[PDB]
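Visitor: Right, I'll just put the structure down here and ask away after.
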Amino acid sequence: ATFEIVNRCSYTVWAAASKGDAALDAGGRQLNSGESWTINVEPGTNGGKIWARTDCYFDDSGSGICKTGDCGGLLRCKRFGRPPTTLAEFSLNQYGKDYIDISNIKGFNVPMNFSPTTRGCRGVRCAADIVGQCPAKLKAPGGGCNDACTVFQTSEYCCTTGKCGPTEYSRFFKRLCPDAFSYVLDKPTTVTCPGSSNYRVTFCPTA
């Protein structure tokens, strides 16, 4: 399946694509404002994620650090990124269908639209100005808005035991982006698409 990753922001993003233990395609690439990158994701991939990284510093060998979404200091990600990261999440060819969502469970950095290229399903968007509205306690010093689990590290927020519920911090994200997951046990906002669809992930969407 193809995923067209389009940067419409007025800043560079270092796009990232991983399934947690390996890169998807090349795993990462610099996208200046206005640039696109099309990747191929293998059929059947479960637990894939695409995200933006901001304010990255890489050396000639592709090692360094990003202020949001860093994946082990690499340009070409093989693992998931450090919060805060708006996440495009997908599993493909699952019982004949593809499943897509956006999540704020690991915070928010860059606004995003995640849409199919087919008319057969509808996309998802989280593009409210979460960073400009971020409560002080959630603001991340290098940019972005952390989720409350990252900040507080208790099960109330991290959903590590029992049955967590919404909190005032999850509701901050959820009210701004009701089509994205706001905590681990949020009511799902996953979209069913025809199996083997193609997609576009747009940073700073407007259309």
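Within each chain, counting starts at residue 1; across the structure tokens, chains are named A, B, ... in the order shown, with ligands numbered 1 upward in that order.
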Extract, using only C-alpha atoms, all DNA, RNA and protein residues at most 7 Å from range 17-27 of chain A, discarding same-chain residues fewer than 5 positions from it, and format them as a PDB file with C-alpha atoms, in the first residue's frame.

Guide:
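Done, and the output landed in result_30.pdb:
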```pdb
ATOM      1  CA  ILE A  39       6.325   5.250   1.058  1.00  0.00           C
ATOM      2  CA  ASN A  40       5.302   1.651   0.463  1.00  0.00           C
ATOM      3  CA  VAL A  41       3.916  -0.242   3.475  1.00  0.00           C
ATOM      4  CA  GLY A  47       0.439  -1.543  14.442  1.00  0.00           C
ATOM      5  CA  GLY A  48       2.011   0.822  11.931  1.00  0.00           C
ATOM      6  CA  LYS A  49       2.483   4.464  12.826  1.00  0.00           C
ATOM      7  CA  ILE A  50       3.454   7.613  10.952  1.00  0.00           C
ATOM      8  CA  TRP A  51       4.365  10.827  12.762  1.00  0.00           C
ATOM      9  CA  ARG A  76      15.703   6.593   9.657  1.00  0.00           C
ATOM     10  CA  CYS A  77      13.410   5.394  12.430  1.00  0.00           C
ATOM     11  CA  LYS A  78      13.238   1.753  13.387  1.00  0.00           C
ATOM     12  CA  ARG A  79      11.259   2.282  16.646  1.00  0.00           C
ATOM     13  CA  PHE A  80       8.511   4.584  17.872  1.00  0.00           C
TER      14      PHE A  80
END
```

Visitor: Run DSSP on the backbone and tell me which residues of range 61-201 of chain A come out as strand (DSSP E or B); list them as an MDAnalysis selection string.

Guide: chainID A and resid 63:68 74 87:94 97:103 108 112:116 124:126 139 145 180:181 191:194 199:201

Visitor: For the alpha helix (DSSP H) assignment from backbone DSSP, which residues of range 17-154 of chain A qualify? Please present them as a PyMOL selection string.

Guide: chain A and resi 130-133+148-152

Visitor: Give me the residues near residue 199 in chain A as a list in words, where near means some atom within 10 Å (using only C-alpha atoms) and where sequence neighbours in that chain fewer than 4 positions away do not count.

Guide: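 Listing them by chain and then by number gives residues 1, 2, 3, 4, 5, 38, 100, 114, 115, 116, 117, 118 and 123 of chain A.
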
Visitor: Using only C-alpha atoms, determine which residues lie at most 10 Å from residue 102 in chain A, disregarding the query and same-chain residues fewer than 4 positions distant; provide the list as a PyMOL selection string.

Guide: chain A and resi 49-50+86-90+112-114+123-126+177+179-182+189-191

Visitor: Mind writing the picked residues with C-alpha atoms as a short mmCIF file (atom, residue, chain, number, x, y, z; two decimals), in the first residue's frame?

Guide:
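Heads up, here's the output in result.cif:
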```
data_model
loop_
_atom_site.label_atom_id
_atom_site.label_comp_id
_atom_site.auth_asym_id
_atom_site.auth_seq_id
_atom_site.Cartn_x
_atom_site.Cartn_y
_atom_site.Cartn_z
CA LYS A 49 2.48 4.46 12.83
CA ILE A 50 3.45 7.61 10.95
CA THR A 86 0.40 13.22 16.97
CA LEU A 87 0.05 9.65 15.62
CA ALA A 88 -1.42 8.27 12.38
CA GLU A 89 -2.06 4.62 13.25
CA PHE A 90 -3.02 1.75 10.96
CA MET A 112 -2.53 16.09 10.79
CA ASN A 113 -5.05 14.68 8.41
CA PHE A 114 -5.02 10.94 7.67
CA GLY A 123 -10.46 10.20 6.72
CA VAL A 124 -9.68 11.46 10.24
CA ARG A 125 -8.21 14.83 11.27
CA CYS A 126 -6.77 16.44 14.40
CA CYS A 177 -9.99 16.62 18.58
CA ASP A 179 -11.96 12.10 16.27
CA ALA A 180 -8.66 11.13 17.90
CA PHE A 181 -7.98 8.83 20.83
CA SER A 182 -7.37 10.83 24.00
CA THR A 189 -12.67 6.47 16.61
CA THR A 190 -11.07 3.96 14.25
CA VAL A 191 -12.29 4.06 10.61
#
```

Visitor: Which residues are close to residue 185 in chain A, i.e. within 12 Å by only C-alpha atoms, leaving aside same-chain residues fewer than 2 positions away? Reply as a PyMOL selection string.

Guide: chain A and resi 103+105+155-167+170+180-183+187-189

Visitor: Please compute the CA of residue 92 in chain A-CA of residue 16 in chain A distance, one decimal, in Å.

Guide: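 Taking CA of residue 92 in chain A as the start and CA of residue 16 in chain A as the end point, the length is 17.9 Å.
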
Visitor: Using only C-alpha atoms, which of the listed residues (A:104, A:85, A:30, A:93) sits closest to residue 175 in chain A?

Guide: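 Counting only C-alpha atoms, the residue closest to residue 175 in chain A is A:104.
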